[PDB]
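Undergrad: Before we start, here is the structure in question, set down as structure tokens.
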Amino acid sequence: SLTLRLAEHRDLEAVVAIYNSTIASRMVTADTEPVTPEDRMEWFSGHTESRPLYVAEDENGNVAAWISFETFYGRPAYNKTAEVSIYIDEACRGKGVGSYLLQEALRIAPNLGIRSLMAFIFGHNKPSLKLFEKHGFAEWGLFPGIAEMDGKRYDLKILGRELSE
């Protein structure tokens, strides 16, 4: 099972570790090389009460995944628009974790005052694209080959959903 709670400083290590476990597959992150906790300390502390980072613990209390809400643009005009990022420990892939995490993210979002929620997913990540599309997200954009890794170009798709009635 999985239980969500607000992230804490001592979680940074596990959060980065999960992030790094996904780099190899080059299916969700824009990094080709593993990063260090120090390289992400800013991003980590950058979360707020309205745009938080949540971690999900397995039945053993170990952080197995996380959900991050981030600002779209540091401008009041975009205050009700946010990005949602979900990373799962590569070792937990293929267990239905994604579905549960997205559902929780969506339950939480409205209470954060978020009206429009967007997700940045690589064009070749069909599983993630299908998951979001089953939950009300539509493709709002496709930025062709703007990501380059291993000498290959990748497309970035932007999926969005308006939550507010």
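All residue numbers here begin at 1 and follow the chain in the order shown.
In case you wondered, yes, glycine gets a Cβ from its N, Cα and C as well.
Pulled these features from Swiss-Prot for this protein:
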type    : residues                                                                       : note
BINDING : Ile86, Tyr87, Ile88, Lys95, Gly96, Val97, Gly98, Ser99, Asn125, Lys126, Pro127 : acetyl-CoA binding site
Undergrad: If you measure every Cα to Cα distance among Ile86, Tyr87, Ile88, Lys95, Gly96, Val97, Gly98, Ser99, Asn125, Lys126, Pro127, the residues said to bind acetyl-CoA, what is the biggest one in Å?
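TA: The widest Cα-Cα gap among those binding residues is 17 Å.
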Undergrad: I'd like the number of other C-beta atoms within 10 A of the C-beta of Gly96 (acetyl-CoA binding site), please.
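TA: There are 9 of them.
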Undergrad: Among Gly98, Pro127, the binding-site residues in question, whose Cβ has the most other Cβ atoms within 10 Å in this structure?
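TA: Per the Cβ count, the most surrounded site is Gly98.
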Undergrad: Taking DSSP three-state, what's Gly98 (acetyl-CoA binding site) in: helix, strand or coil?
TA: helix
